[PDB]
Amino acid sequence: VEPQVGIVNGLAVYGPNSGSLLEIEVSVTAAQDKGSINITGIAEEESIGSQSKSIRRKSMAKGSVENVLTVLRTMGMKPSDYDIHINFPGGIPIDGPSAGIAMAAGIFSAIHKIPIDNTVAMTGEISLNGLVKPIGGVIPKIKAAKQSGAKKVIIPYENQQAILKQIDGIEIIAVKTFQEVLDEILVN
């Protein structure tokens, strides 16, 4: 209907050739106390195991949020000033590092009250130095964005391939940096 504050279109893949678009929602309020970060709708922990051994870690999605908050501090924001809540609606259990640029964009937008273009979808792992790192399932993700009525899709520079140029009816933007993501999507 409109560009909007703290709503960003992310992308997911389930197995080789099955992509989808998720409408990630970000709320930022002046902190009650020390500031906080909460996420609804993500894996909190992953376990990988064999017969006799297994490891457990905080999820790549939760790790991704911590990278995002470190990047926003290097850019001169103070996330400790805010209680921040990110919501992946629907109740679907999602994981992975590839929503890093989308959550970062969502928080930036919510903090600055600058709406994000609703015609854009994006996928991109974020590094602590603001670089956009390659992701999985970029073709099914682009087709999901198109299939959903997105005019544009932001992908990491290193996911660029010749075959992408053969896709019609959606603008594919390759980015190296989170600043380039903000340039592409923020409205005024």
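The first residue of the sequence shown is number 1, and the count goes up from there.
Asker: Out of 91-99 and 71-79, which one has CA B-factors that are higher on average in the deposited record?
Answerer: 71-79 has the higher mean C-alpha B-factor.
Asker: Decide which of the stretches 111-119 and 81-89 has the higher mean C-alpha B-factor, going by the entry.
Answerer: Result of the comparison: 111-119.
Asker: From the list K146, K53, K58, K133, select the residue with the highest C-alpha B factor recorded in the entry.
Answerer: Most elevated C-alpha B-factor of the set, per the entry: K146.
Asker: Name the third of the chain's ranked CA B-factors that contains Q32, choosing lowest, middle or highest.
Answerer: For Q32, whose C-alpha B-factor we compare with every modelled residue in the chain, the answer is the highest third.
Asker: Could you place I139 in the lowest, middle or highest third of its chain by Cα temperature factor, using the values in the record?
Answerer: CA B-factor rank for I139: middle third.
Asker: Ranking every modelled residue in this chain by its Cα temperature factor as given in the entry, which third contains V153?
Answerer: Tercile = middle for this residue's CA B-factor.
Asker: Looking at the temperature factor on the CA atom of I173, which third of the chain's modelled residues does it land in?
Answerer: According to the entry, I173 has a C-alpha B-factor in the chain's highest third.
Asker: Would you check the entry's CA temperature factor for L11 and let me know if it's in the chain's lowest, middle or highest third?
Answerer: CA B-factor rank for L11: lowest third.
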